[PDB]
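To start, the structure under review is shown below, and the notes come after it.
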Amino acid sequence: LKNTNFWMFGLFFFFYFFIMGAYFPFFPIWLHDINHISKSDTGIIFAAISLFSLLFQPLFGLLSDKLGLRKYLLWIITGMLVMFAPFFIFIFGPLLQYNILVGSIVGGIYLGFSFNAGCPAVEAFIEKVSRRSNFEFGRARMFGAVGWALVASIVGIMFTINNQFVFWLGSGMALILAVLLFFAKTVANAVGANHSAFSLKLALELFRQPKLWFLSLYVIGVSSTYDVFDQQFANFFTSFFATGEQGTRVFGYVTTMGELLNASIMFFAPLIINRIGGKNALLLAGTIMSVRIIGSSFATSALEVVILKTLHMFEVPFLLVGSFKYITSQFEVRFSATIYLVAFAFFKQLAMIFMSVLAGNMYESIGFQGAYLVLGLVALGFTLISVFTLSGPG
Amino acid sequence: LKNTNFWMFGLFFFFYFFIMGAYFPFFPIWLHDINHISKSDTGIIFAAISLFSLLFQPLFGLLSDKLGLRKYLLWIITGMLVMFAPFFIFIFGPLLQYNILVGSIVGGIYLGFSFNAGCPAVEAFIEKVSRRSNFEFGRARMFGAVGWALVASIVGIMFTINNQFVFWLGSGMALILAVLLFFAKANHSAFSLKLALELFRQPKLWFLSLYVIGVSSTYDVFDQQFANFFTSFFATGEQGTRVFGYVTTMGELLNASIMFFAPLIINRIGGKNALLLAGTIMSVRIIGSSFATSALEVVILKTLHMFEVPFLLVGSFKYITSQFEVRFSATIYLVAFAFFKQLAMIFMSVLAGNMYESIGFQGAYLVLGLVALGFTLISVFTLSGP
Ligand SMILES: *SCCO[C@@H]1O[C@H](CO)[C@H](O)[C@H](O)[C@H]1O
Ligand SMILES: *SCCO[C@@H]1O[C@H](CO)[C@H](O)[C@H](O)[C@H]1O
Ligand SMILES: [Ba+2]
Ligand SMILES: [Ba+2]
């Protein structure tokens, strides 16, 4: 309402999703369209993205939650963010062009994990400040969602003109804006509080129950398959458009409009989830997941691929809250700590290391639409197996 | 549009007016409110400010224009700017508190002239880069005006909390930002003694000089310590700087908006009338400040400074352009606008500073408001006709 720390972190949510909004959606276009990198090479890039995510994400889930609460980690993340443009334009870009991809990927994910493994730890850090004060994390998260939307259109429109200055703008937002939010720093009943910790015996007891294994199979079979599908979908999407400018213009307009569609539906989504149930609503996401990949295998027009892109926005709430309420309804509260780590974060990244290579090589071999039928078949395949992930009903 | 040197120098306009926006408007408040310096002492500080300006400004007008074009001078200015905070917090601040003002003023203006005499030379150096390329100086100067406005509100709001870190921010802005702009690296006039001697032969200069000394210097001195007088009308110490921060920021947006449409007015009214209009609004503010009673009344007096500026910037330009030979313009700016104004401001700052200690702010404001309006009435007859 008037909380001084609220604006400190509300703008921090906005100015981080500014740099997040610049990098992530326009990352594959910057590799193929701009850096002229092949489909197999991009497959190697995204495999290394998932590898550093598998290493750094569990390290931050133990740090930020326990010792990291003293703002030390958040400064390190900002230290990398300050040198956003003098990395892509000066270090990252030429290392890829050097034709040695193996040498290049290592140095590439060192600044890459600040968004992949970095963001959940930053979102967990602002989750703690919101619980300490009056302001709610839900309204604080929405402050940043507009920053993701504002950039997506601005980068999409200004890309073909000069992508170099949009990168040169993001680094500045981490420099002139992020530091200002850092110098001005820091009996209670919480509405939602997750003060959890994990151990080897907690994980060993989690391995005793088959519930985890059937859940893991959905995370690997369906989710990882779909997550890999989106890694290089942008290049396939842009191809359907009249010009090179027409591709990025519409792709910029879609992620911006899609975010407003996502937040609007994610709002009314818990009402639906509670009536459908955790298992059934999770499978609702799996159908709208696989229908997009399998629909992409027969894609013919530009307005047809626009309709396919929006499906991703109908999918997200039924999997964000869908995964939450499943663990909440089918697992002990104490186990939730290992669950996110073991399945949601470890098994998903391990599957995404190999799946990204195989699909990346499939675009080089059988093409986009060719690979989409293979991945669309397996995602729908595991979705049909997920109907009987507990016991055979009657 | 896409000029690589435009962004390298447009941001240079922004990040300099960042440090300019920190120092200049909040300089008197840092002396009286913070350093606890008297009105007579501040009068001595501003006299030394005008003395180093009278010495360094003519030296840079000959350097940057001729030899200085090889970026050597711009590097020296940045060398002082890097040590902005380790000067005010470490050297300048204690020297004043060492209750020896004479010893302190000398060392104070060595970094002080980097903004007073420094800025016109920086604005002239960048005027040359704009002339060399596609991008225009008019749009490049505006790039920096937002930097002056962004800081003014940020310093005004954060001052009472910790003024030490805002100073610690400006020095870094010259360090991490200005150096990066250095790795990535028409008025062609000259002046002489005979040009200046031919200038003294014509009475036009003397009548113009009298307006620059009588009216302008009087008004410029008035603003040197007005901020302290303004902050007094406000509910708290926080209320003074908050509104003073909001006013210079809003006033800049009001100034740029009106200076845009101003040349249209000037060309219809004439050069003399533009100066006569600027002088009336100048003296009315000073004389109005002598009877000031409320906080929203002083806010209205502060905005009048923003109504005045275009009628004197372009007002002075078109007068020389319309009543003097193009060759003479080089000396004109040095002789009256820069030398006579600073010489008058050396003594006027001492006398007015001593007047606040003697007859107070409002008291001094009637003496200065009477003379400024006095010279404005004589400028109706003295100044060269339209
Ligand atoms: S750490 C949160 C970032 O996740 C992304 O958030 C944006 C904008 O808020 C969109 O919701 C994307 O779908 C998420 O991947
Ligand atoms: S070299 C600049 C001196 O002029 C001042 O510039 C600031 C920043 O834009 C404002 O225009 C002030 O009104 C001027 O005094
Ligand atoms: Ba949570
Ligand atoms: Ba000029």
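Each chain of the structure tokens is named A, B, ... in the order shown, its residues numbered from 1; ligands are numbered from 1 in display order.
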Contact residues around residue 126 (chain B) with only C-alpha atoms at 10 Å, ignoring same-chain residues under 5 positions, as a compact mmCIF listing (two decimals) with N, CA, C and O atoms, in the first residue's frame:
```
# COMPACT_ATOMS: atom_id res chain seq x y z
N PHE B 6 26.80 9.15 -31.00
CA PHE B 6 25.64 9.80 -30.40
C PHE B 6 25.28 9.23 -29.03
O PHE B 6 24.99 9.99 -28.11
N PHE B 9 28.20 9.76 -26.46
CA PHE B 9 28.16 11.14 -25.97
C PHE B 9 26.84 11.68 -25.41
O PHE B 9 26.85 12.65 -24.64
N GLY B 10 25.74 11.03 -25.75
CA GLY B 10 24.41 11.35 -25.25
C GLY B 10 24.29 10.91 -23.81
O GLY B 10 23.71 11.62 -22.98
N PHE B 12 27.01 10.56 -22.05
CA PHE B 12 28.03 11.41 -21.44
C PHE B 12 27.39 12.72 -20.97
O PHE B 12 27.81 13.28 -19.97
N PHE B 13 26.35 13.18 -21.70
CA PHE B 13 25.55 14.36 -21.37
C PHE B 13 24.69 14.06 -20.13
O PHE B 13 24.53 14.92 -19.26
N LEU B 69 40.72 20.42 -28.72
CA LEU B 69 39.90 19.55 -29.56
C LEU B 69 40.33 18.06 -29.62
O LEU B 69 39.57 17.21 -30.07
N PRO B 120 30.58 24.70 -19.69
CA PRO B 120 30.50 25.34 -21.03
C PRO B 120 31.51 24.77 -22.03
O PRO B 120 31.18 24.63 -23.20
N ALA B 121 32.73 24.40 -21.55
CA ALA B 121 33.80 23.80 -22.34
C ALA B 121 33.43 22.37 -22.76
O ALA B 121 33.79 21.95 -23.86
N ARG B 131 28.44 18.43 -34.78
CA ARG B 131 28.69 19.14 -36.03
C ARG B 131 29.44 18.22 -37.03
O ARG B 131 29.19 18.29 -38.24
N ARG B 132 30.33 17.34 -36.51
CA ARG B 132 31.14 16.38 -37.27
C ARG B 132 30.23 15.25 -37.83
O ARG B 132 30.47 14.76 -38.94
N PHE B 137 22.87 18.68 -31.82
CA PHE B 137 23.18 19.12 -30.45
C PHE B 137 21.93 19.43 -29.62
O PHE B 137 21.94 19.19 -28.41
N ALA B 140 20.78 16.21 -28.38
CA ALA B 140 21.85 15.64 -27.56
C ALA B 140 21.89 16.31 -26.18
O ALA B 140 22.15 15.62 -25.18
N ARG B 141 21.62 17.64 -26.12
CA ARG B 141 21.57 18.43 -24.88
C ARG B 141 20.38 18.00 -24.03
O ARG B 141 20.50 17.92 -22.80
```
Could you give me the residues within 8 Å of ligand 3, counting only C-alpha atoms and all ligand atoms, as an MDAnalysis selection string? chainID A and resid 124 127 194
Nearest-residue call for ligand 1, choices A:132, A:312, A:348, A:2, using only C-alpha atoms and all ligand atoms: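 Smallest distance to ligand 1 is found for A:312.
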Which of these, A:163, A:35, A:64, A:330, has the shortest distance to chain B once you count only C-alpha atoms?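 Residue with the minimum atom-to-atom distance to chain B: A:163.
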Which residues, written as a ChimeraX atom specification, have at least one atom at most 12 Å from residue 201 (chain A), with only C-alpha atoms counted and residues fewer than 4 positions away on the same chain left out? /A:197,205-208,334-335,338
Restrict the selected residues to C-alpha atoms and save them as a CSV table (one decimal), in the first residue's frame.
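Generated output (selection05.csv):
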```
chain,number,residue,atom,x,y,z
A,197,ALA,CA,14.5,-28.5,4.9
A,205,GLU,CA,11.8,-42.6,2.4
A,206,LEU,CA,10.5,-40.7,-0.7
A,207,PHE,CA,12.1,-43.5,-2.9
A,208,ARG,CA,10.2,-46.2,-0.9
A,334,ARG,CA,7.6,-32.7,5.4
A,335,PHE,CA,8.5,-34.5,2.0
A,338,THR,CA,12.8,-33.4,-1.4
```
Spatial neighbours of residue 225 (chain B), 9 Å, only C-alpha atoms, chain gap at least 2 places, as a VMD selection string: chain B and resid 28 to 29 39 42 to 43 221 to 223 227 to 229 353 361
Helix (DSSP H, G or I) call set, DSSP backbone run, region 121-212 of chain B, as a PyMOL selection string: chain B and resi 121-132+137-177+180-183+193-201+203-212
Show me which residues line ligand 4, defined as having an atom within 9 Å of a ligand atom where only C-alpha atoms and all ligand atoms count, and present them as a CSV table (one decimal) with N, CA and C atoms, in the first residue's frame.
```csv
chain,number,residue,atom,x,y,z
B,120,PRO,N,30.6,24.7,-19.7
B,120,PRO,CA,30.5,25.3,-21.0
B,120,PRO,C,31.5,24.8,-22.0
B,123,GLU,N,30.2,21.3,-23.0
B,123,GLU,CA,29.1,21.6,-23.9
B,123,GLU,C,29.6,22.1,-25.3
B,124,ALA,N,30.7,22.8,-25.3
B,124,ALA,CA,31.4,23.2,-26.5
B,124,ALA,C,32.1,22.1,-27.3
B,127,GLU,N,29.5,20.0,-28.8
B,127,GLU,CA,28.9,20.8,-29.9
B,127,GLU,C,29.6,20.5,-31.2
B,186,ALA,N,27.0,26.4,-36.9
B,186,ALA,CA,28.5,26.4,-36.6
B,186,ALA,C,29.0,27.8,-36.2
B,187,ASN,N,29.8,27.8,-35.1
B,187,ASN,CA,30.4,29.0,-34.6
B,187,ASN,C,31.9,28.9,-34.4
```
Between chain A and chain B, at 12 Å or less, what are the per-residue closest atom pairs and their distances in Å? Count only C-alpha atoms, order by chain and rising residue number, and return it as JSON lines.
```
{"residue": "A:82", "atom": "CA", "partner": "B:176", "partner_atom": "CA", "distance": 11.1}
{"residue": "A:83", "atom": "CA", "partner": "B:176", "partner_atom": "CA", "distance": 11.9}
{"residue": "A:86", "atom": "CA", "partner": "B:180", "partner_atom": "CA", "distance": 11.2}
{"residue": "A:158", "atom": "CA", "partner": "B:2", "partner_atom": "CA", "distance": 11.7}
{"residue": "A:161", "atom": "CA", "partner": "B:2", "partner_atom": "CA", "distance": 8.9}
{"residue": "A:162", "atom": "CA", "partner": "B:2", "partner_atom": "CA", "distance": 8.3}
{"residue": "A:163", "atom": "CA", "partner": "B:2", "partner_atom": "CA", "distance": 11.6}
{"residue": "A:164", "atom": "CA", "partner": "B:4", "partner_atom": "CA", "distance": 10.9}
{"residue": "A:165", "atom": "CA", "partner": "B:7", "partner_atom": "CA", "distance": 9.4}
{"residue": "A:168", "atom": "CA", "partner": "B:7", "partner_atom": "CA", "distance": 10.5}
{"residue": "A:169", "atom": "CA", "partner": "B:7", "partner_atom": "CA", "distance": 11.3}
{"residue": "A:172", "atom": "CA", "partner": "B:177", "partner_atom": "CA", "distance": 10.0}
{"residue": "A:175", "atom": "CA", "partner": "B:177", "partner_atom": "CA", "distance": 9.7}
{"residue": "A:176", "atom": "CA", "partner": "B:173", "partner_atom": "CA", "distance": 9.0}
{"residue": "A:179", "atom": "CA", "partner": "B:169", "partner_atom": "CA", "distance": 10.0}
{"residue": "A:180", "atom": "CA", "partner": "B:169", "partner_atom": "CA", "distance": 9.3}
{"residue": "A:183", "atom": "CA", "partner": "B:165", "partner_atom": "CA", "distance": 8.5}
{"residue": "A:184", "atom": "CA", "partner": "B:158", "partner_atom": "CA", "distance": 9.6}
```
Counting only C-alpha atoms and all ligand atoms, which protein, DNA or RNA residues come within 7 Å of ligand 2, given as a compact mmCIF listing (two decimals) with C-alpha atoms, in the first residue's frame?
```
# COMPACT_ATOMS: atom_id res chain seq x y z
CA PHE B 17 24.38 16.27 -15.50
CA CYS B 119 30.46 22.62 -18.23
CA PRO B 120 30.50 25.34 -21.03
CA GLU B 123 29.05 21.59 -23.88
CA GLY B 144 21.33 15.29 -20.32
CA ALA B 145 18.41 17.49 -19.08
CA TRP B 148 19.68 16.78 -14.08
CA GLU B 252 13.28 21.55 -15.92
```
All residues within 10 Å of ligand 1 are required, counting only C-alpha atoms and all ligand atoms; please report them as a PyMOL selection string. chain A and resi 13-14+16-18+20-21+24-25+115-124+141-149+152+255-256+258-260+262-263+266+312-313+315-317
Give me the residues within 8 Å of residue 189 (chain B) as a PDB file with N, CA and C atoms, in the first residue's frame, counting only C-alpha atoms and dropping any in the same chain fewer than 6 places off.
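The result, written out as part37.pdb:
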```
ATOM      1  N   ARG B 327      31.696  38.773 -36.346  1.00  0.00           N
ATOM      2  CA  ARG B 327      33.106  38.686 -35.947  1.00  0.00           C
ATOM      3  C   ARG B 327      33.339  39.052 -34.465  1.00  0.00           C
ATOM      4  N   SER B 329      31.151  38.686 -31.860  1.00  0.00           N
ATOM      5  CA  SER B 329      30.494  37.718 -30.964  1.00  0.00           C
ATOM      6  C   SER B 329      31.436  36.948 -30.027  1.00  0.00           C
ATOM      7  N   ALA B 330      32.652  36.607 -30.507  1.00  0.00           N
ATOM      8  CA  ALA B 330      33.675  35.883 -29.746  1.00  0.00           C
ATOM      9  C   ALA B 330      34.070  36.643 -28.469  1.00  0.00           C
TER      10      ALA B 330
END
```
To one decimal in Å, tell me the separation between CA of residue 159 (chain B) and CA of residue 38 (chain B).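 Distance between the two atoms: 20.1 Å.
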Near residue 248 (chain B), counting only C-alpha atoms, which residues have an atom at most 10 Å away, once you skip same-chain residues fewer than 4 positions from it, shown as a ChimeraX atom specification? /B:21,25,148-153,156,243-244,252-255,302-303,305-306
CA of residue 290 (chain A) and CA of residue 308 (chain A), how far apart in Å?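 Between these atoms lies a distance of 11.2 Å.
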Give me the residues near residue 292 (chain A) as JSON, numbers by chain, where near means some atom within 12 Å (using only C-alpha atoms) and where sequence neighbours in that chain fewer than 6 positions away do not count. {"A": [225, 226, 227, 229, 230, 233, 285, 286, 298, 299, 304, 305, 306, 307, 308, 309, 310, 311, 312, 313, 314, 315, 369, 372, 373, 375, 376, 377, 379, 380]}
Using the selection just defined, write its residues with N, CA and C atoms as a PDB file, in the first residue's frame.
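See out-v5.pdb below for the written result:
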```
ATOM      1  N   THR A 225       9.937 -33.063 -22.254  1.00  0.00           N
ATOM      2  CA  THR A 225       9.669 -33.225 -23.683  1.00  0.00           C
ATOM      3  C   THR A 225       9.121 -31.905 -24.242  1.00  0.00           C
ATOM      4  N   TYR A 226       8.159 -31.298 -23.528  1.00  0.00           N
ATOM      5  CA  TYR A 226       7.513 -30.039 -23.888  1.00  0.00           C
ATOM      6  C   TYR A 226       8.431 -28.833 -23.693  1.00  0.00           C
ATOM      7  N   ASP A 227       9.258 -28.847 -22.633  1.00  0.00           N
ATOM      8  CA  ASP A 227      10.198 -27.768 -22.324  1.00  0.00           C
ATOM      9  C   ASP A 227      11.279 -27.669 -23.403  1.00  0.00           C
ATOM     10  N   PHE A 229      10.866 -28.788 -26.535  1.00  0.00           N
ATOM     11  CA  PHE A 229      10.098 -28.376 -27.708  1.00  0.00           C
ATOM     12  C   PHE A 229      10.090 -26.851 -27.881  1.00  0.00           C
ATOM     13  N   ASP A 230       9.963 -26.104 -26.765  1.00  0.00           N
ATOM     14  CA  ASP A 230       9.945 -24.638 -26.755  1.00  0.00           C
ATOM     15  C   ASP A 230      11.316 -23.986 -26.926  1.00  0.00           C
ATOM     16  N   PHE A 233      11.420 -23.647 -30.781  1.00  0.00           N
ATOM     17  CA  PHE A 233      10.132 -23.378 -31.433  1.00  0.00           C
ATOM     18  C   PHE A 233      10.073 -21.989 -32.089  1.00  0.00           C
ATOM     19  N   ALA A 285      -3.294 -30.311 -18.329  1.00  0.00           N
ATOM     20  CA  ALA A 285      -2.108 -29.594 -18.793  1.00  0.00           C
ATOM     21  C   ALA A 285      -1.317 -30.450 -19.789  1.00  0.00           C
ATOM     22  N   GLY A 286      -1.260 -31.766 -19.542  1.00  0.00           N
ATOM     23  CA  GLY A 286      -0.576 -32.752 -20.378  1.00  0.00           C
ATOM     24  C   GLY A 286      -1.165 -32.935 -21.764  1.00  0.00           C
ATOM     25  N   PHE A 298       1.933 -30.572 -38.076  1.00  0.00           N
ATOM     26  CA  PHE A 298       1.081 -30.356 -39.252  1.00  0.00           C
ATOM     27  C   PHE A 298       0.818 -28.867 -39.534  1.00  0.00           C
ATOM     28  N   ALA A 299       1.576 -27.969 -38.862  1.00  0.00           N
ATOM     29  CA  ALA A 299       1.472 -26.511 -38.997  1.00  0.00           C
ATOM     30  C   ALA A 299       1.754 -26.041 -40.429  1.00  0.00           C
ATOM     31  N   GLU A 304      -1.996 -19.842 -37.901  1.00  0.00           N
ATOM     32  CA  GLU A 304      -2.128 -21.196 -37.369  1.00  0.00           C
ATOM     33  C   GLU A 304      -1.077 -21.394 -36.278  1.00  0.00           C
ATOM     34  N   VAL A 305       0.151 -20.865 -36.500  1.00  0.00           N
ATOM     35  CA  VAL A 305       1.252 -20.928 -35.529  1.00  0.00           C
ATOM     36  C   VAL A 305       1.092 -19.927 -34.372  1.00  0.00           C
ATOM     37  N   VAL A 306       0.278 -18.872 -34.586  1.00  0.00           N
ATOM     38  CA  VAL A 306      -0.070 -17.868 -33.576  1.00  0.00           C
ATOM     39  C   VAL A 306      -1.029 -18.534 -32.572  1.00  0.00           C
ATOM     40  N   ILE A 307      -1.979 -19.336 -33.095  1.00  0.00           N
ATOM     41  CA  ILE A 307      -2.955 -20.106 -32.325  1.00  0.00           C
ATOM     42  C   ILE A 307      -2.265 -21.198 -31.498  1.00  0.00           C
ATOM     43  N   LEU A 308      -1.170 -21.775 -32.032  1.00  0.00           N
ATOM     44  CA  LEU A 308      -0.373 -22.796 -31.352  1.00  0.00           C
ATOM     45  C   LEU A 308       0.431 -22.186 -30.196  1.00  0.00           C
ATOM     46  N   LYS A 309       0.939 -20.946 -30.367  1.00  0.00           N
ATOM     47  CA  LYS A 309       1.715 -20.227 -29.350  1.00  0.00           C
ATOM     48  C   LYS A 309       0.875 -19.891 -28.108  1.00  0.00           C
ATOM     49  N   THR A 310      -0.403 -19.503 -28.312  1.00  0.00           N
ATOM     50  CA  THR A 310      -1.351 -19.151 -27.244  1.00  0.00           C
ATOM     51  C   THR A 310      -1.698 -20.341 -26.339  1.00  0.00           C
ATOM     52  N   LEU A 311      -1.620 -21.578 -26.880  1.00  0.00           N
ATOM     53  CA  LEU A 311      -1.882 -22.842 -26.180  1.00  0.00           C
ATOM     54  C   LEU A 311      -0.936 -23.042 -24.995  1.00  0.00           C
ATOM     55  N   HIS A 312       0.293 -22.490 -25.100  1.00  0.00           N
ATOM     56  CA  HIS A 312       1.345 -22.513 -24.083  1.00  0.00           C
ATOM     57  C   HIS A 312       0.899 -21.717 -22.861  1.00  0.00           C
ATOM     58  N   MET A 313       0.127 -20.644 -23.105  1.00  0.00           N
ATOM     59  CA  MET A 313      -0.420 -19.739 -22.093  1.00  0.00           C
ATOM     60  C   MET A 313      -1.665 -20.334 -21.406  1.00  0.00           C
ATOM     61  N   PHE A 314      -2.394 -21.251 -22.088  1.00  0.00           N
ATOM     62  CA  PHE A 314      -3.559 -21.948 -21.523  1.00  0.00           C
ATOM     63  C   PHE A 314      -3.026 -23.087 -20.655  1.00  0.00           C
ATOM     64  N   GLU A 315      -1.854 -23.612 -21.027  1.00  0.00           N
ATOM     65  CA  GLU A 315      -1.177 -24.716 -20.365  1.00  0.00           C
ATOM     66  C   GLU A 315      -0.550 -24.449 -18.991  1.00  0.00           C
ATOM     67  N   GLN A 369       9.115 -29.950 -38.042  1.00  0.00           N
ATOM     68  CA  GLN A 369       7.846 -30.685 -38.152  1.00  0.00           C
ATOM     69  C   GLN A 369       8.005 -32.205 -38.043  1.00  0.00           C
ATOM     70  N   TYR A 372       8.828 -32.857 -34.262  1.00  0.00           N
ATOM     71  CA  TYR A 372       7.585 -32.551 -33.546  1.00  0.00           C
ATOM     72  C   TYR A 372       6.623 -33.729 -33.441  1.00  0.00           C
ATOM     73  N   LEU A 373       6.624 -34.623 -34.452  1.00  0.00           N
ATOM     74  CA  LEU A 373       5.763 -35.804 -34.461  1.00  0.00           C
ATOM     75  C   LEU A 373       6.300 -36.876 -33.518  1.00  0.00           C
ATOM     76  N   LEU A 375       8.309 -36.241 -30.763  1.00  0.00           N
ATOM     77  CA  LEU A 375       8.151 -35.653 -29.429  1.00  0.00           C
ATOM     78  C   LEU A 375       6.689 -35.508 -29.029  1.00  0.00           C
ATOM     79  N   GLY A 376       5.828 -35.196 -30.000  1.00  0.00           N
ATOM     80  CA  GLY A 376       4.387 -35.069 -29.805  1.00  0.00           C
ATOM     81  C   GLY A 376       3.723 -36.403 -29.536  1.00  0.00           C
ATOM     82  N   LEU A 377       4.316 -37.490 -30.069  1.00  0.00           N
ATOM     83  CA  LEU A 377       3.844 -38.861 -29.894  1.00  0.00           C
ATOM     84  C   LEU A 377       4.187 -39.358 -28.492  1.00  0.00           C
ATOM     85  N   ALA A 379       5.028 -37.414 -25.734  1.00  0.00           N
ATOM     86  CA  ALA A 379       4.376 -36.550 -24.745  1.00  0.00           C
ATOM     87  C   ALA A 379       2.926 -36.989 -24.539  1.00  0.00           C
ATOM     88  N   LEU A 380       2.204 -37.293 -25.642  1.00  0.00           N
ATOM     89  CA  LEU A 380       0.829 -37.793 -25.610  1.00  0.00           C
ATOM     90  C   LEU A 380       0.827 -39.233 -25.111  1.00  0.00           C
TER      91      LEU A 380
END
```
To one decimal in Å, tell me the separation between CA of residue 48 (chain B) and CA of residue 313 (chain B). 24.6 Å
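With only C-alpha atoms as the atoms that count, the minimum distance from residue 211 (chain A) to the choices A:74, A:339, A:193, A:45 is reached by A:339.
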